[PDB]
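Here you'll find one protein chain in two forms, each presented separately as structure tokens under the names structure 1 and structure 2.
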Structure 1
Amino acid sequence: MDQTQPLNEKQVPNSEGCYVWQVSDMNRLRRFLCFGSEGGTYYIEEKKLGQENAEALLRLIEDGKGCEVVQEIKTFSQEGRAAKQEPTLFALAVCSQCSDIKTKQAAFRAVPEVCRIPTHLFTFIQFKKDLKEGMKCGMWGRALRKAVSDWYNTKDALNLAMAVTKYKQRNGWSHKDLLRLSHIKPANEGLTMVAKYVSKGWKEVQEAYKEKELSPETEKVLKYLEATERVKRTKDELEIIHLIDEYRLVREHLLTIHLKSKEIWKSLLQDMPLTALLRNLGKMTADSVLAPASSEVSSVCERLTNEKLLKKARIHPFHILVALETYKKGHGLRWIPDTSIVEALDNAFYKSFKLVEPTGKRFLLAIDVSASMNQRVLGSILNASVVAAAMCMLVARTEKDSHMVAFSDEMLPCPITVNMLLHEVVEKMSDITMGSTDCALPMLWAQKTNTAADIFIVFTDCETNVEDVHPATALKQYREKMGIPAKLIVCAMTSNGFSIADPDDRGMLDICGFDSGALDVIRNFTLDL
């Protein structure tokens, strides 16, 4: 009895034809939320992968778990546990469409909390448009009109003014489009002004409010909207700098000619929101606004390493990782990556995760480096082995008693250590992918060598394909031969529906890579909590 044979009737064949278990639908939902389906996997094509997860979603709704789905989507969104928004928004769109009335109602109820910025709302609505044929249903019923109307009417006019000028339109939709389709009725004078600005433009608003009496709050909105117009009618460096300071305008408010100015950037740097700062490190370095040993460089490092703000702004470790890698590249533009910035990014990476108190148990961390793990993740340049290595570094730095190992169809030494800097672990890992997949190795190896481990964490895509015993079986053998209640945590690295964890074994757990809140689930499972 080996992997090419089913262990029981509950097992199904994976992409290689070997037998594993079907991961639960709620668990597959989480994998989807964290990895999406873009780029598909080594075995499944993008489109097919998308349909598979969409199928699982519909199955959840059909099984009457639609409200649990929405709750899970909302939780991931609010806590920022997922690197990208597309998957959560696509899922919310499905739930808001054709689902049972309860599911649909919970979904729209979650719109304000899930769609925080215009880009989210625009993307959500576009997916509902794409789902319009496949789900045989229209989208502009009273519920969507109401949800969109509330999105605008429950917001402070001045804040909305910032939102509609910074994000005029994204992913196919503009605010004008939404107002036209929602037929919103402004809830106050500030909203009416903004609605008028979005629908007819500045000139219209100006003529509409001339000789008109306005509260002091409305006056603020008018002045702000005017500033966004004024900044586009001048090439004077100082006037722009003063408007930025005065109205806290951001990069999105400026013209191309303005972004060539080192001084405009320095003033832009003053109150640059966190994500924008992270993504423009390369640009500002090339322009010398982030000069070596400068005062800006030092300021930037302090912002990137402040755990409180990283959480507040919902900065995800994967964003940190991607930024780190491209910044280190030194080209995108050409620049000398600042070593202090590079060190701060490494530091922020770990801080971006939801940290927890250590358990003090013995962990054996095994990274799957088989050929399939060369698959790209989240449309980035980083493969699954690289991403999993980053997760291992996280766990290894949380649990002092951690041992890292690698494997394909044979055990291999791990070329990374707990003291390395992230960019270094990345370089040491993108040449390792090779060979077949034997997911039972870690447990078999530990037994053979008498290595004591309380927890086995295996980072893989669960596409095991060697004529060796089932990993579940290897785990059972380890428990008996070593006299240790070892547990296996399967850290999924894709959104396929396969798992080597035995559903009937309370000692085996399914979770997925780069869920910024995964360290919490691991701690609870480990401590039997």
Structure 2
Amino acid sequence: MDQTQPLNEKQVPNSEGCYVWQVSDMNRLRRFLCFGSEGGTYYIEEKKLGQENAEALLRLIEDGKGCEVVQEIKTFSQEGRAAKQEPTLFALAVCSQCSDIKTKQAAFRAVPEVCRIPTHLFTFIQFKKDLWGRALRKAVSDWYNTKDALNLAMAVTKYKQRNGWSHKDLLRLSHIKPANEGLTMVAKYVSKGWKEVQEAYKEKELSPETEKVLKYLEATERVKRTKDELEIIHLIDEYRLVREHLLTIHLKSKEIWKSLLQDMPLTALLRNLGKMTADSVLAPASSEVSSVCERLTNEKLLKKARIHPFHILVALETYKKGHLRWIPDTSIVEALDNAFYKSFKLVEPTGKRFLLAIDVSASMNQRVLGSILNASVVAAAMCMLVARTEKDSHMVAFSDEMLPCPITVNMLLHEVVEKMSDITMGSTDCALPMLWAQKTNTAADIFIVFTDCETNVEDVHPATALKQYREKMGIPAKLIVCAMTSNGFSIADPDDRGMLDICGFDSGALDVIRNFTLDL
């Protein structure tokens, strides 16, 4: 029996016509939350991949798991497990208009929490349009009324974009009734303007909290009336204004940028590394560079700034590239490598024996999350994560034959990326890691295969190779399939308790791995 034939009646043909199992709908939802469907996969066009994922979600609802889905969405968003919020927002939108009364209600109830920032709310609304009753108005009203007025003021005072997204419109369409004076004030600022706010609040008794909102709006307005660097720096120092609150002429100043650098939100810092280096703002051997390195390697700050490991991987590739042109600062490059590991949810090692196998076949050249990184690079980063936490780990690579592993656990992340950028090619035999481990009599308690599961060679099924490995070696080895796309295929036998499906770049993947490895 080989891969071109069905192991049993539950198998389905993959893109290459070979047999695998359909990953469970709940696990496909997780694959979707983590990878989305932008750019599709090597074998599946973008729109089709999105529809496949939307259909899986619809089956879940149809099967009564609607509320479980919404709970899962809230959980991923709260724990910051996914690199992008789009998939999560699309899934929430789908749930807010489905056939299940209870799921609709649960979806709407989750909008204020799942839509963490303005962009999210706007994206969520656009998806609902894609797909204003009392429920939507209440949800939107709830979103504004549950946010901190000062934080809202901070967001609405940044420069606007011509993307059709308007707070003025949402405040109107939602028929909102502001719950506190600070929100009433910001709503007035958005709908009527600064002059109106000033006039409505002159002579007015305000709590110290509402007063802070008024003084902050005043600060953002003062920015526009001056080109004096010292005055602007004082405003950044006292009110923590960011780049988007400033005039273009202000952004021409190196000192203003240094003041902006001081408390720059980590996500913005990651995006501005190259520019600030080219601009001499992050000069070699500078205290500016040192502070940056310290903020990036502070696990508590990364978590609070919701920095996902994929954000760091992408930021690193972009920065190391050097082009706008700059000399990538070596200490920052090292800091990013360090931050990558600290951004995943850390767990105690299992001390077991791991065989980590990276698929470097042709289809793995497929791009991940709309980035320039291909699936083999991303898989390599996941493999490094595991190897770094589990001392007893041996890394291997494969296509339709075992291949020398281009990476070693001691390499820095930027090196891993370089080595894996053009390594993809050839057919795919997902049974190889187990077969190779057997032939070479290498001991492993856990096999983790990083792949898209599009196996397609006339060799034994990977599930088969695992069982043969178990028997011959006398080890009850488990197989963890770390999916690298949101397709719906899996080489793991749903009927074998010793096999599990997980998803690459789920920031809490190590916890899933730990629990399965120790039957916790």
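For the two forms, the rigid core is made up of the largest set of C-alpha atoms that agree within 1.5 Å on superposition. Structure 1 provides the reference sequence; residues are numbered from 1 along it.
Engineer: After superposing the two forms on their rigid core, pick out the one entry in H403, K168, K361, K74 with a CA shift of 2 Å or more between the two structures.
Structural biologist: Flagged residue: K168.
Engineer: Using the rigid core as the reference frame, would you say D156 shifts its C-alpha by 2 Å or more between the two structures?
Structural biologist: Shift of 2 Å or more: yes.
Engineer: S215: with the rigid core matched between the two structures, does its Cα shift 2 Å or more?
Structural biologist: Yes; that C-alpha moves by at least 2 Å between the two structures.
Engineer: For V205, is the CA shift between the two structures at least 2 Å following rigid-core superposition?
Structural biologist: After core superposition, the C-alpha of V205 moves 2 Å or more between the two structures.
Engineer: Superpose the two forms on the rigid core and tell me the Cα shift of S430 between the two structures in angstrom.
Structural biologist: Taking the core as reference, the C-alpha of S430 is shifted 1.4 Å.
Engineer: By how many angstrom does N280 shift at its CA between the two structures when the core is held fixed?
Structural biologist: C-alpha displacement of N280 between the two structures: 0.6 Å.
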